[PDB]
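Enquirer: Sharing a structure, written as structure tokens. Questions coming.
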Amino acid sequence: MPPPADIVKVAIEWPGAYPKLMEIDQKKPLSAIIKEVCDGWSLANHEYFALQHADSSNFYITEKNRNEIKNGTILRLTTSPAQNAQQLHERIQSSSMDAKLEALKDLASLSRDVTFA
Amino acid sequence: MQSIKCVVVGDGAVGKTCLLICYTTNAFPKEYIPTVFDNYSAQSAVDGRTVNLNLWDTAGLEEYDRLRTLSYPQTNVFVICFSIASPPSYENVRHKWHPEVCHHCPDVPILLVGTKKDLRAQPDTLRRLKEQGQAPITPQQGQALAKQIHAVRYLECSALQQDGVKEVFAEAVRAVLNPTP
């Protein structure tokens, strides 16, 4: 009789801020996970946040490749892909050369996903 | 009510994994299991103030020096565990910890607790330390070290006996509330 696996440990990092601990169940839809995260952290605008993998891949969570999540793995929170696309589009015609350089570099580096493309 | 970030460090091979397991499961396993990193978020309220204990596990391996030094700057509090009667531990502390924490941030409260004190009841470690011609650190030198590292009040807690740990955390919080000018 194997022990239950419904409980997992995972830390969600932030840029410049230390992580917080919560249990995430991948069986439930991502909408439910986002709603539970927002309820736990008392954060509004659930549609403006998403999840990503902080490993060498630096990819977001996908329905076909979500099994790479393992206990005791560094994961950091990022901005939602819609907001990232909007800010990249805004900075495409920006007045700063360095901003254009970094935006194009980030777009080229993070262009390995099909659905977000 | 102000939740503050925390980092827990210590000397190599002191029982960090055992402490983490005790904190997460209320047990005391003598078995040693390798651990890369851990982070515990505890919601503990003391003296009417709600501060979240953002525990952080650290590794003393040479490969992860950059990872450990990433969070060292701008740290607000440290939880350091070291051997009380290890002259090499004192030498390492004096070489690495105190000068850096003093030069970088003069106004960061630091909590220090001495460990490896329940081994006195075991004659094995006494014989091991006896054959090398080593003597226990004198209490006066230990008190001088405690008072010379910019510590308001030095206190120790026992993990095997489960005595004073909560008191140590509470007094550290009180010292943070009313630190030196």
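For this deposited structure, the header notes the method as electron microscopy, 7.0 Å.
Placed from the backbone N, Cα and C atoms, the Cβ positions cover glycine too.
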Enquirer: May I ask you to name which of A:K9, A:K20, A:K35, A:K100 Swiss-Prot has annotated as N6-acetyllysine?
Expert: A:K100
Enquirer: Could you give the Cα-Cα distance between A:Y18 (phosphotyrosine) and A:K100 (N6-acetyllysine), in whole Å?
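Expert: Between the alpha carbons of A:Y18 (phosphotyrosine) and A:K100 (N6-acetyllysine) there are 30 Å.
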Enquirer: Among the modified residues A:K100, A:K105, which residue has the largest number of other Cβ atoms within 10 Å of its own Cβ?
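Expert: For the modified residues A:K100, A:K105, the Cβ with the most other Cβ atoms within 10 Å is A:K100.
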Enquirer: Using DSSP with the three-state reduction, classify A:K100 (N6-acetyllysine) as helix, strand or coil.
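Expert: The residue in question, A:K100 (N6-acetyllysine), is helix (DSSP, three-state).
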Enquirer: Can you check what DSSP calls A:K105 (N6-acetyllysine), collapsed to helix, strand or coil?
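Expert: Assignment for A:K105 (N6-acetyllysine) reads helix.
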